[PDB]
$ cat upload_24.tsv   # TSV, C-alpha atoms and all ligand atoms
chain	number	residue	atom	x	y	z
A	1	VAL	CA	0.00	0.00	0.00
A	2	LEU	CA	1.41	3.41	-0.97
A	3	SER	CA	1.26	6.40	1.32
A	4	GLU	CA	-0.37	9.63	0.13
A	5	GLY	CA	3.12	11.18	0.07
A	6	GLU	CA	4.27	8.37	-2.30
A	7	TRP	CA	1.23	8.90	-4.52
A	8	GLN	CA	2.01	12.62	-4.70
A	9	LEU	CA	5.59	11.87	-5.91
A	10	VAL	CA	4.08	9.56	-8.54
A	11	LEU	CA	1.48	12.08	-9.72
A	12	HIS	CA	4.00	15.00	-9.72
A	13	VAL	CA	6.23	13.28	-12.28
A	14	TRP	CA	3.17	12.04	-14.18
A	15	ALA	CA	2.03	15.64	-14.56
A	16	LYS	CA	5.24	16.32	-16.50
A	17	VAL	CA	4.72	13.24	-18.65
A	18	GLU	CA	1.34	14.66	-19.51
A	19	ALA	CA	2.94	17.73	-21.08
A	20	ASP	CA	3.69	15.47	-24.01
A	21	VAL	CA	2.21	12.01	-23.62
A	22	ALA	CA	2.87	11.08	-27.28
A	23	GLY	CA	6.62	11.78	-26.99
A	24	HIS	CA	6.90	9.92	-23.68
A	25	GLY	CA	5.00	6.97	-25.18
A	26	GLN	CA	7.36	6.77	-28.13
A	27	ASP	CA	10.43	6.88	-25.87
A	28	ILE	CA	9.02	4.20	-23.52
A	29	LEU	CA	7.97	1.73	-26.20
A	30	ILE	CA	11.21	2.17	-28.11
A	31	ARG	CA	13.26	1.67	-24.92
A	32	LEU	CA	11.25	-1.51	-24.18
A	33	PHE	CA	11.77	-2.88	-27.69
A	34	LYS	CA	15.52	-2.03	-27.66
A	35	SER	CA	16.20	-3.41	-24.13
A	36	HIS	CA	14.03	-6.56	-24.56
A	37	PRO	CA	13.54	-7.24	-28.28
A	38	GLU	CA	11.46	-10.32	-27.56
A	39	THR	CA	8.65	-8.03	-26.40
A	40	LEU	CA	8.26	-6.56	-29.90
A	41	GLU	CA	7.36	-10.03	-31.18
A	42	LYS	CA	4.08	-9.76	-29.23
A	43	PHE	CA	2.90	-6.93	-31.40
A	44	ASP	CA	1.63	-8.25	-34.78
A	45	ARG	CA	1.11	-4.60	-35.80
A	46	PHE	CA	4.66	-3.48	-35.03
A	47	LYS	CA	6.98	-6.49	-35.18
A	48	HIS	CA	8.07	-5.66	-38.74
A	49	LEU	CA	9.84	-2.44	-37.56
A	50	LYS	CA	13.59	-3.06	-37.93
A	51	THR	CA	15.21	0.05	-36.42
A	52	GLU	CA	14.71	2.85	-33.90
A	53	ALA	CA	14.34	5.20	-36.82
A	54	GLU	CA	11.43	3.17	-38.20
A	55	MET	CA	9.89	3.05	-34.74
A	56	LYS	CA	10.20	6.88	-34.34
A	57	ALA	CA	8.58	7.41	-37.75
A	58	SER	CA	5.63	5.08	-37.06
A	59	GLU	CA	2.42	7.13	-36.60
A	60	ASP	CA	0.60	3.97	-35.43
A	61	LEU	CA	3.28	3.22	-32.78
A	62	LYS	CA	2.93	6.82	-31.49
A	63	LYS	CA	-0.85	6.44	-31.30
A	64	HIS	CA	-0.46	3.18	-29.39
A	65	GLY	CA	1.93	4.76	-26.96
A	66	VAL	CA	-0.65	7.46	-26.19
A	67	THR	CA	-3.26	4.72	-25.61
A	68	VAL	CA	-0.91	2.83	-23.22
A	69	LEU	CA	0.21	5.83	-21.17
A	70	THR	CA	-3.34	7.28	-20.96
A	71	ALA	CA	-4.58	3.93	-19.56
A	72	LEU	CA	-1.72	3.78	-17.09
A	73	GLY	CA	-2.26	7.42	-16.13
A	74	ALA	CA	-5.91	6.71	-15.32
A	75	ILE	CA	-4.78	3.77	-13.15
A	76	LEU	CA	-2.20	5.85	-11.29
A	77	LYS	CA	-4.69	8.63	-10.59
A	78	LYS	CA	-6.91	6.09	-8.76
A	79	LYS	CA	-4.06	5.77	-6.18
A	80	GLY	CA	-4.62	2.06	-5.80
A	81	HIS	CA	-8.44	2.03	-6.25
A	82	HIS	CA	-8.05	0.67	-9.82
A	83	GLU	CA	-10.16	-2.55	-9.77
A	84	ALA	CA	-12.47	-1.32	-12.55
A	85	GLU	CA	-9.60	-0.16	-14.79
A	86	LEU	CA	-7.54	-3.29	-14.29
A	87	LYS	CA	-10.27	-5.84	-15.20
A	88	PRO	CA	-10.44	-5.22	-18.98
A	89	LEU	CA	-6.69	-4.66	-19.22
A	90	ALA	CA	-5.86	-7.89	-17.41
A	91	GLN	CA	-8.35	-9.76	-19.55
A	92	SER	CA	-7.01	-8.53	-22.84
A	93	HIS	CA	-3.35	-8.94	-21.82
A	94	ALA	CA	-3.91	-12.48	-20.43
A	95	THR	CA	-6.28	-13.88	-23.06
A	96	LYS	CA	-5.67	-12.05	-26.31
A	97	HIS	CA	-2.14	-10.58	-26.21
A	98	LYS	CA	-0.56	-13.17	-23.77
A	99	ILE	CA	1.80	-10.86	-21.93
A	100	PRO	CA	3.75	-12.55	-19.13
A	101	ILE	CA	4.43	-10.67	-15.85
A	102	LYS	CA	8.09	-10.73	-16.81
A	103	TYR	CA	7.19	-8.49	-19.77
A	104	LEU	CA	5.25	-6.17	-17.49
A	105	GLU	CA	8.44	-5.93	-15.41
A	106	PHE	CA	10.32	-4.99	-18.61
A	107	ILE	CA	7.89	-2.15	-19.49
A	108	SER	CA	8.05	-0.97	-15.86
A	109	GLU	CA	11.85	-0.79	-16.28
A	110	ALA	CA	11.41	1.21	-19.50
A	111	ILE	CA	9.00	3.68	-17.82
A	112	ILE	CA	11.48	4.25	-15.04
A	113	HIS	CA	14.42	4.65	-17.46
A	114	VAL	CA	12.58	7.27	-19.48
A	115	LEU	CA	11.32	9.24	-16.48
A	116	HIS	CA	14.81	9.21	-14.97
A	117	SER	CA	16.26	10.51	-18.23
A	118	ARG	CA	13.64	13.20	-18.96
A	119	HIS	CA	12.68	14.33	-15.46
A	120	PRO	CA	15.63	14.42	-13.07
A	121	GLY	CA	13.79	17.51	-11.48
A	122	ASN	CA	10.91	15.29	-10.41
A	123	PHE	CA	12.47	11.80	-10.42
A	124	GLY	CA	15.11	11.67	-7.73
A	125	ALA	CA	15.58	8.59	-5.60
A	126	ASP	CA	12.49	9.04	-3.45
A	127	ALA	CA	10.23	9.76	-6.45
A	128	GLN	CA	11.65	6.75	-8.35
A	129	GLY	CA	11.05	4.59	-5.25
A	130	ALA	CA	7.44	5.77	-5.18
A	131	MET	CA	6.93	5.09	-8.90
A	132	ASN	CA	8.52	1.64	-8.53
A	133	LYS	CA	6.09	0.89	-5.64
A	134	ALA	CA	3.10	2.03	-7.78
A	135	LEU	CA	4.21	-0.15	-10.70
A	136	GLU	CA	4.91	-3.13	-8.39
A	137	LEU	CA	1.34	-2.68	-7.00
A	138	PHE	CA	-0.03	-2.61	-10.58
A	139	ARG	CA	1.91	-5.77	-11.46
A	140	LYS	CA	0.88	-7.56	-8.23
A	141	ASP	CA	-2.85	-6.78	-8.89
A	142	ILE	CA	-2.48	-7.77	-12.58
A	143	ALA	CA	-0.78	-11.04	-11.55
A	144	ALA	CA	-3.68	-11.86	-9.12
A	145	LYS	CA	-6.19	-11.14	-11.90
A	146	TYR	CA	-4.22	-13.27	-14.43
A	147	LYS	CA	-4.51	-16.20	-12.00
A	148	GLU	CA	-8.27	-15.61	-11.61
A	149	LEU	CA	-8.53	-15.51	-15.47
A	150	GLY	CA	-6.64	-18.79	-15.91
A	151	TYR	CA	-3.33	-17.40	-17.26
A	152	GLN	CA	-0.11	-18.40	-15.55
A	153	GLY	CA	1.59	-15.15	-16.73
A	201	LIG	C1	1.98	-0.44	-18.35
A	201	LIG	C2	1.66	-1.64	-18.86
A	201	LIG	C3	0.67	-1.71	-19.97
A	201	LIG	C4	-0.44	-0.96	-20.27
A	201	LIG	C5	-1.03	0.13	-19.35
A	201	LIG	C6	-0.97	-1.42	-21.52
A	201	LIG	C7	-2.11	-0.87	-22.09
A	201	LIG	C8	-2.64	-1.30	-23.28
A	201	LIG	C9	-3.85	-0.80	-23.81
A	201	LIG	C10	-4.74	0.27	-23.22
A	201	LIG	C11	-4.09	-1.50	-24.94
A	201	LIG	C12	-5.28	-1.25	-25.84
A	201	LIG	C13	-6.48	-2.06	-25.33
A	201	LIG	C14	-6.26	-3.52	-24.98
A	201	LIG	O1	-6.07	-4.33	-25.91
A	201	LIG	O2	-6.33	-3.83	-23.78
A	201	LIG	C15	-2.97	-2.39	-25.17
A	201	LIG	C16	-2.84	-3.24	-26.23
A	201	LIG	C17	-1.79	-4.13	-26.34
A	201	LIG	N1	-0.79	-4.31	-25.42
A	201	LIG	FE1	-0.51	-3.42	-23.74
A	201	LIG	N2	-0.20	-2.40	-22.01
A	201	LIG	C18	0.79	-2.64	-21.11
A	201	LIG	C19	1.84	-3.54	-21.21
A	201	LIG	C20	2.04	-4.38	-22.30
A	201	LIG	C21	3.22	-5.08	-22.58
A	201	LIG	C22	4.42	-5.20	-21.68
A	201	LIG	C23	3.01	-5.74	-23.75
A	201	LIG	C24	3.95	-6.59	-24.52
A	201	LIG	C25	5.21	-6.89	-24.25
A	201	LIG	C26	1.72	-5.36	-24.25
A	201	LIG	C27	1.18	-5.78	-25.47
A	201	LIG	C28	0.02	-5.28	-26.01
A	201	LIG	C29	-0.49	-5.70	-27.33
A	201	LIG	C30	0.19	-6.73	-28.24
A	201	LIG	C31	-1.59	-4.96	-27.55
A	201	LIG	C32	-2.46	-4.89	-28.79
A	201	LIG	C33	-1.75	-3.85	-29.69
A	201	LIG	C34	-2.44	-3.56	-30.98
A	201	LIG	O3	-3.50	-2.95	-31.13
A	201	LIG	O4	-1.96	-3.96	-32.04
A	201	LIG	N3	1.16	-4.47	-23.34
A	201	LIG	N4	-2.10	-2.29	-24.08

$ encode --input "upload_24.tsv" --output "structure tokens"
Amino acid sequence: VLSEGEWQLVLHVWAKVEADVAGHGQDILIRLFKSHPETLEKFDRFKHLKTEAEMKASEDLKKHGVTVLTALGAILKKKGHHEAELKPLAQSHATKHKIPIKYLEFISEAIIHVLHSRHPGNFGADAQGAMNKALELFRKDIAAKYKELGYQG
């Protein structure tokens, strides 16, 4: 369970993200695909992209990144009260996309890398700790839902 103070560190950096969610989404997805190329293979729409340049130039990848970060933003703003938001996401990611928890750890890593790089003003050690706790909470709740749904994850 996060403290209010932890949630405020999370939402303070998220507010900066929201200055340009499309750019942040591109950086995060590209970092994920570069750091863990196996994750790209889950995306039938994107797995043809060969290079970072192709990824940066993809309008559809940018749109998807906005979709992803907007969903996660909505989850973070619930400050842990995210049961309703998690249900459809867990279902799609378990049953249609088949995303293991290990891959959710990888995208969590990518989020943290990007925030650390872009926002050292609002992502010092304490703030990163808070964001890690929020993402661990998300992953723990997603893992419990995967098990309910029948997916080992
Ligand atoms: C912060 C974690 C994540 C969030 C908030 C998120 C959010 C979303 C959202 C909102 C969608 C669109 C609706 C849906 O199908 O549920 C989506 C689609 C998808 N997600 Fe995720 N996602 C996350 C992590 C992952 C990861 C780690 C992978 C793969 C390694 C993944 C693979 C996919 C795929 C393959 C689709 C369908 C893409 C398409 O339209 O072609 N997601 N995700």

$ closest_residue --input "upload_24.tsv" --among "A:82, A:56, A:113, A:98" --to "residue A:23" --atoms "all atoms listed in the file"
A:56

$ closest_atom_pairs --input "upload_24.tsv" --of "chain A" --to "ligand LIG 201 (chain A)" --cutoff "6 Å" --atoms "only C-alpha atoms and all ligand atoms" --output "JSON lines"
{"residue": "A:39", "atom": "CA", "partner": "A:LIG201", "partner_atom": "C25", "distance": 4.2}
{"residue": "A:42", "atom": "CA", "partner": "A:LIG201", "partner_atom": "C30", "distance": 5.0}
{"residue": "A:43", "atom": "CA", "partner": "A:LIG201", "partner_atom": "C30", "distance": 4.2}
{"residue": "A:45", "atom": "CA", "partner": "A:LIG201", "partner_atom": "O4", "distance": 4.9}
{"residue": "A:67", "atom": "CA", "partner": "A:LIG201", "partner_atom": "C10", "distance": 5.3}
{"residue": "A:68", "atom": "CA", "partner": "A:LIG201", "partner_atom": "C7", "distance": 4.1}
{"residue": "A:71", "atom": "CA", "partner": "A:LIG201", "partner_atom": "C10", "distance": 5.2}
{"residue": "A:72", "atom": "CA", "partner": "A:LIG201", "partner_atom": "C5", "distance": 4.3}
{"residue": "A:89", "atom": "CA", "partner": "A:LIG201", "partner_atom": "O2", "distance": 4.6}
{"residue": "A:92", "atom": "CA", "partner": "A:LIG201", "partner_atom": "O2", "distance": 4.8}
{"residue": "A:97", "atom": "CA", "partner": "A:LIG201", "partner_atom": "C30", "distance": 4.9}
{"residue": "A:99", "atom": "CA", "partner": "A:LIG201", "partner_atom": "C24", "distance": 5.4}
{"residue": "A:103", "atom": "CA", "partner": "A:LIG201", "partner_atom": "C22", "distance": 4.7}
{"residue": "A:104", "atom": "CA", "partner": "A:LIG201", "partner_atom": "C22", "distance": 4.4}
{"residue": "A:107", "atom": "CA", "partner": "A:LIG201", "partner_atom": "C22", "distance": 5.1}

$ residues_near_point --input "upload_24.tsv" --point "(6.0, 4.4, -26.6)" --cutoff "10 Å" --atoms "all atoms listed in the file" --output "list in words"
residues 21, 22, 23, 24, 25, 26, 27, 28, 29, 30, 31, 32, 33, 55, 56, 61, 62, 63, 64, 65, 66, 67, 68, 69, 107, 110 and 111 of chain A

$ write_last_selection --input "upload_24.tsv" --atoms "C-alpha atoms" --output "compact mmCIF listing (two decimals), in the frame of the given file"
# COMPACT_ATOMS: atom_id res chain seq x y z
CA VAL A 21 2.21 12.01 -23.62
CA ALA A 22 2.87 11.08 -27.28
CA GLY A 23 6.62 11.78 -26.99
CA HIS A 24 6.90 9.92 -23.68
CA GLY A 25 5.00 6.97 -25.18
CA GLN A 26 7.36 6.77 -28.13
CA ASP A 27 10.43 6.88 -25.87
CA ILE A 28 9.02 4.20 -23.52
CA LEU A 29 7.97 1.73 -26.20
CA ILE A 30 11.21 2.17 -28.11
CA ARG A 31 13.26 1.67 -24.92
CA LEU A 32 11.25 -1.51 -24.18
CA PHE A 33 11.77 -2.88 -27.69
CA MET A 55 9.89 3.05 -34.74
CA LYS A 56 10.20 6.88 -34.34
CA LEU A 61 3.28 3.22 -32.78
CA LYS A 62 2.93 6.82 -31.49
CA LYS A 63 -0.85 6.44 -31.30
CA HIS A 64 -0.46 3.18 -29.39
CA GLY A 65 1.93 4.76 -26.96
CA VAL A 66 -0.65 7.46 -26.19
CA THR A 67 -3.26 4.72 -25.61
CA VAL A 68 -0.91 2.83 -23.22
CA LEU A 69 0.21 5.83 -21.17
CA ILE A 107 7.89 -2.15 -19.49
CA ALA A 110 11.41 1.21 -19.50
CA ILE A 111 9.00 3.68 -17.82

$ closest_residue --input "upload_24.tsv" --among "A:3, A:132, A:152, A:51" --to "residue A:112" --atoms "all atoms listed in the file"
A:132

$ residues_around --input "upload_24.tsv" --residues "residue A:12" --least-positions-apart "5" --cutoff "10 Å" --atoms "all atoms listed in the file" --output "PyMOL selection string"
chain A and resi 6-7+17+122-123+127

$ write_last_selection --input "upload_24.tsv" --atoms "C-alpha atoms" --output "PDB file, in the frame of the given file"
ATOM      1  CA  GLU A   6       4.270   8.370  -2.300  1.00  0.00           C
ATOM      2  CA  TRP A   7       1.230   8.900  -4.520  1.00  0.00           C
ATOM      3  CA  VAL A  17       4.720  13.240 -18.650  1.00  0.00           C
ATOM      4  CA  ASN A 122      10.910  15.290 -10.410  1.00  0.00           C
ATOM      5  CA  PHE A 123      12.470  11.800 -10.420  1.00  0.00           C
ATOM      6  CA  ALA A 127      10.230   9.760  -6.450  1.00  0.00           C
TER       7      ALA A 127
END

$ atom_distance --input "upload_24.tsv" --atom1 "atom CA of residue A:126" --atom2 "atom CA of residue A:143"
25.4 Å

$ residues_around --input "upload_24.tsv" --residues "residue A:85" --least-positions-apart "3" --cutoff "12 Å" --atoms "only C-alpha atoms" --output "ChimeraX atom specification"
/A:70-82,88-92,138,141-142,145

$ closest_residue --input "upload_24.tsv" --among "A:34, A:10, A:41, A:96" --to "residue A:53" --atoms "all atoms listed in the file"
A:34

$ closest_residue --input "upload_24.tsv" --among "A:101, A:86, A:49, A:115" --to "residue A:18" --atoms "all atoms listed in the file"
A:115

$ closest_residue --input "upload_24.tsv" --among "A:94, A:9, A:84, A:15" --to "residue A:147" --atoms "all atoms listed in the file"
A:94

$ closest_residue --input "upload_24.tsv" --among "A:119, A:16, A:47, A:139" --to "residue A:100" --atoms "only C-alpha atoms"
A:139

$ atom_distance --input "upload_24.tsv" --atom1 "atom CA of residue A:36" --atom2 "atom CA of residue A:150"
25.5 Å

$ decode --input "upload_24.tsv" --residues "stretch 54-76 of chain A" --atoms "N, CA, C and O atoms" --output "mmCIF file, in the first residue's frame"
data_model
loop_
_atom_site.group_PDB
_atom_site.id
_atom_site.type_symbol
_atom_site.label_atom_id
_atom_site.label_comp_id
_atom_site.auth_asym_id
_atom_site.auth_seq_id
_atom_site.Cartn_x
_atom_site.Cartn_y
_atom_site.Cartn_z
ATOM 1 N N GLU A 54 12.730 3.578 -37.714
ATOM 2 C CA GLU A 54 11.434 3.167 -38.201
ATOM 3 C C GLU A 54 10.385 3.295 -37.096
ATOM 4 O O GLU A 54 9.245 3.707 -37.330
ATOM 5 N N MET A 55 10.798 2.956 -35.884
ATOM 6 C CA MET A 55 9.888 3.048 -34.740
ATOM 7 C C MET A 55 9.481 4.510 -34.488
ATOM 8 O O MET A 55 8.310 4.818 -34.275
ATOM 9 N N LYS A 56 10.459 5.420 -34.563
ATOM 10 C CA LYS A 56 10.197 6.879 -34.341
ATOM 11 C C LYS A 56 9.273 7.446 -35.398
ATOM 12 O O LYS A 56 8.501 8.331 -35.102
ATOM 13 N N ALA A 57 9.317 6.886 -36.629
ATOM 14 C CA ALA A 57 8.579 7.407 -37.747
ATOM 15 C C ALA A 57 7.180 6.794 -37.816
ATOM 16 O O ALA A 57 6.360 7.251 -38.594
ATOM 17 N N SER A 58 6.880 5.767 -36.988
ATOM 18 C CA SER A 58 5.632 5.082 -37.056
ATOM 19 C C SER A 58 4.541 5.898 -36.359
ATOM 20 O O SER A 58 4.505 5.972 -35.106
ATOM 21 N N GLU A 59 3.606 6.419 -37.151
ATOM 22 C CA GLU A 59 2.423 7.126 -36.595
ATOM 23 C C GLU A 59 1.594 6.164 -35.730
ATOM 24 O O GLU A 59 1.055 6.570 -34.650
ATOM 25 N N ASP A 60 1.443 4.926 -36.172
ATOM 26 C CA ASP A 60 0.601 3.967 -35.432
ATOM 27 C C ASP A 60 1.244 3.620 -34.088
ATOM 28 O O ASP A 60 0.503 3.468 -33.094
ATOM 29 N N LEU A 61 2.577 3.525 -34.028
ATOM 30 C CA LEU A 61 3.281 3.223 -32.784
ATOM 31 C C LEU A 61 3.064 4.403 -31.820
ATOM 32 O O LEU A 61 2.834 4.193 -30.640
ATOM 33 N N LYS A 62 3.127 5.637 -32.358
ATOM 34 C CA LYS A 62 2.928 6.816 -31.494
ATOM 35 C C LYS A 62 1.512 6.809 -30.928
ATOM 36 O O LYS A 62 1.304 7.068 -29.720
ATOM 37 N N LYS A 63 0.520 6.487 -31.762
ATOM 38 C CA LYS A 63 -0.851 6.440 -31.298
ATOM 39 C C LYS A 63 -0.978 5.411 -30.179
ATOM 40 O O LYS A 63 -1.719 5.611 -29.189
ATOM 41 N N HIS A 64 -0.341 4.264 -30.366
ATOM 42 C CA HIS A 64 -0.462 3.184 -29.385
ATOM 43 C C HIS A 64 0.181 3.618 -28.082
ATOM 44 O O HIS A 64 -0.312 3.350 -26.988
ATOM 45 N N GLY A 65 1.313 4.313 -28.151
ATOM 46 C CA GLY A 65 1.930 4.761 -26.962
ATOM 47 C C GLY A 65 1.047 5.720 -26.166
ATOM 48 O O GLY A 65 1.029 5.714 -24.903
ATOM 49 N N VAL A 66 0.293 6.560 -26.872
ATOM 50 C CA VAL A 66 -0.654 7.460 -26.195
ATOM 51 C C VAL A 66 -1.738 6.640 -25.481
ATOM 52 O O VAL A 66 -2.088 6.941 -24.305
ATOM 53 N N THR A 67 -2.266 5.625 -26.188
ATOM 54 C CA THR A 67 -3.263 4.715 -25.606
ATOM 55 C C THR A 67 -2.755 4.060 -24.320
ATOM 56 O O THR A 67 -3.466 4.064 -23.289
ATOM 57 N N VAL A 68 -1.526 3.532 -24.359
ATOM 58 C CA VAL A 68 -0.910 2.827 -23.225
ATOM 59 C C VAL A 68 -0.729 3.794 -22.048
ATOM 60 O O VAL A 68 -1.112 3.497 -20.917
ATOM 61 N N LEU A 69 -0.100 4.957 -22.291
ATOM 62 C CA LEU A 69 0.210 5.828 -21.166
ATOM 63 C C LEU A 69 -1.060 6.475 -20.613
ATOM 64 O O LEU A 69 -1.091 6.760 -19.405
ATOM 65 N N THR A 70 -2.074 6.719 -21.445
ATOM 66 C CA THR A 70 -3.344 7.277 -20.964
ATOM 67 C C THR A 70 -4.032 6.246 -20.032
ATOM 68 O O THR A 70 -4.535 6.607 -18.992
ATOM 69 N N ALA A 71 -4.023 4.966 -20.420
ATOM 70 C CA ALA A 71 -4.577 3.931 -19.565
ATOM 71 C C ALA A 71 -3.814 3.847 -18.259
ATOM 72 O O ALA A 71 -4.378 3.717 -17.211
ATOM 73 N N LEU A 72 -2.484 3.879 -18.325
ATOM 74 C CA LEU A 72 -1.719 3.780 -17.088
ATOM 75 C C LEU A 72 -1.920 5.024 -16.242
ATOM 76 O O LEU A 72 -2.078 4.917 -15.013
ATOM 77 N N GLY A 73 -1.986 6.198 -16.864
ATOM 78 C CA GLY A 73 -2.255 7.423 -16.133
ATOM 79 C C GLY A 73 -3.538 7.351 -15.327
ATOM 80 O O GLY A 73 -3.636 7.789 -14.178
ATOM 81 N N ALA A 74 -4.597 6.840 -15.962
ATOM 82 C CA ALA A 74 -5.907 6.707 -15.321
ATOM 83 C C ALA A 74 -5.811 5.779 -14.114
ATOM 84 O O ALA A 74 -6.412 6.094 -13.060
ATOM 85 N N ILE A 75 -5.036 4.714 -14.264
ATOM 86 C CA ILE A 75 -4.777 3.773 -13.153
ATOM 87 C C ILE A 75 -4.030 4.486 -12.024
ATOM 88 O O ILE A 75 -4.449 4.422 -10.883
ATOM 89 N N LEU A 76 -2.959 5.226 -12.322
ATOM 90 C CA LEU A 76 -2.197 5.848 -11.292
ATOM 91 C C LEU A 76 -3.010 6.898 -10.532
ATOM 92 O O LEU A 76 -2.905 6.985 -9.296
#
